[PDB]
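Before any questions on binding or motion, here is one chain by itself as structure tokens, the form deposited in one PDB entry.
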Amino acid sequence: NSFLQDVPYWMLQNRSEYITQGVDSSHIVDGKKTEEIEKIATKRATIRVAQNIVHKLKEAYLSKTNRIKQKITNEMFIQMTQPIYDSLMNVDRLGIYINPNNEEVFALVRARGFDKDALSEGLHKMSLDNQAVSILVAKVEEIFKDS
């Protein structure tokens, strides 16, 4: 059975919510150099930051003190991922770890901010009304603040 060596701390399971940090990976692709796979992994980890944000937005929407009036489905939450991702700013690649067994490339990233006006417009463009958008964007703003 299988154990891994030289594993950085951020690769490990842990209880700790760095909502604006993302860890994710890319598998290898024949004909793509490892550096290319690191780029893909870094983008995937950045999408993961957006996924982390959407998760917090669903919980807020489900809360007894939700103020969003529009009905927002799970599928709509999933759709929010792209506009949130598109709005992320100043995202730093903090680390790379490669699993030598399958050569899967993991990236650690941190998004230092987001563009509230870009996020607003993206959310409008997926048919969320202005009351819903205002609350959603304010929530994302709190997440960056609290981070």
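Just count from 1 along the sequence shown to find any residue number.
Student: Can you tell me whether 15-23 has a higher mean C-alpha B factor than 135-143 in this record, or the other way round?
Tutor: Mean CA B-factor is higher for 15-23.
Student: Decide which of the stretches 103-111 and 117-125 has the higher mean C-alpha B-factor, going by the entry.
Tutor: Between 103-111 and 117-125, it is 117-125 that shows the higher mean C-alpha B-factor.
Student: So where's residue 36 on the chain's Cα temperature factor ranking, which third?
Tutor: It falls in the middle third of the chain.
Student: Consider only the C-alpha atoms of the modelled residues in this chain, order them by B-factor as the entry records it, and name the third containing residue 87: lowest, middle or highest.
Tutor: As the PDB entry reports it, the C-alpha B-factor of residue 87 lands in the middle third of its chain.
Student: Lowest, middle or highest third: which one holds residue 65 when the chain's residues are ordered by CA B-factor from the entry?
Tutor: As the PDB entry reports it, the C-alpha B-factor of residue 65 lands in the highest third of its chain.
Unshown form deposited in another entry; subsequent notes refer to it.
Student: Given that the distance between the C-alpha atoms of residue 89 and residue 10 changes by 3 Å or more in that other deposited form, do they end up closer or farther than here?
Tutor: Farther apart, by at least 3 Å.
Student: Knowing the shift is 3 Å or more, I'd like to know if the C-alpha atoms of residue 72 and residue 16 are closer or farther apart in that other deposited form than in the shown chain.
Tutor: Residues converge in that other deposited form, at least 3 Å closer.
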